[PDB]
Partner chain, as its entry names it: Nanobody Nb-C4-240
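Quick heads-up: it's one chain on its own, the form deposited without the partner chain, in structure tokens.
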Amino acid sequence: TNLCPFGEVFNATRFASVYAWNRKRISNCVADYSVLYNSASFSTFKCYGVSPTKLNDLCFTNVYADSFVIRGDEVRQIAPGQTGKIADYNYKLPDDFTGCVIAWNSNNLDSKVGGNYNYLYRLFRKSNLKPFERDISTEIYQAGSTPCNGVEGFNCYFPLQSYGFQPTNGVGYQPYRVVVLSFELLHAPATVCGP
């Protein structure tokens, strides 16, 4: 009868950069998803393969919460079967996704005067990411025809890049915080339930 730690993920002080999304594991507790859905302050709350209204009546072995920060016009990439810098090089959701994508505009916490360049993303990779794969490799990317020898150069780029989060950007370039709930139902007793 322990209540699952959702404030730990949603009401957290800092979030992870998208290239290194943070996976919190949740198990052995009882969850109320209608509280989250009725916080009513989320600009994105889309559940695939299930409904949040009838969500408290289910039980799963584990619930994974992947949290990170992206920019406004990129929120549309956190969905099954999409393309872009994010979904191809930073955080791919599978097509057969059973979960929820939650997101809210965090322009007040993640924008200092003069910029907030602490949030990063991956701009280069040799191949797309497999669903829920993670990459934090800071190896020099060969974008040209010539070898890079691990040192930057012409057409020899550094694979990570910075977000310019200023309090005056458009919504497309304002920072958004994202939590992706996946529900794993294993061949074991269910440890995450509701009332």
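Residue numbers count along the first chain shown, from 1. For the two forms, the rigid core is made up of the largest set of C-alpha atoms that agree within 1.5 Å on superposition.
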So if we fit everything on the core, which stretch drifts more in 5 other deposited structures of this protein, 66 to 74 or 151 to 159, C-alphas only? 151 to 159
Looking at C-alpha RMS in 5 other deposited structures of this protein with the core superposed, is it 50 to 58 or 22 to 30 that drifts more? 50 to 58
Do the CA atoms of 150 to 158 or those of 35 to 43 have the higher mean B-factor in the entry? 35 to 43
Averaging CA B factors per stretch from the PDB record, which one is higher: 48 to 56 or 128 to 136? 48 to 56
State the tercile, meaning the lowest, middle or highest third, of residue 83 with respect to the CA B-factors recorded for its chain. lowest
Which third, lowest, middle or highest, does the CA B-factor of residue 77 fall in along this chain? lowest
Chain thirds by Cα B factor, record data; residue 186 belongs to the highest
Taking the chain's C-alpha temperature factors as the reference, tell me which third residue 14 falls into: lowest, middle or highest. highest
Residue 29: CA B-factor among chain residues, third -> highest
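Quick note: we don't show the form solved in complex with the partner chain, though the next part is all about it.
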May I ask you to list the residues of 31 to 46 that have any heavy atom within 4.5 angstroms of the partner chain in the entry with it bound, in sequence order? 36, 37, 38, 39, 45, 46
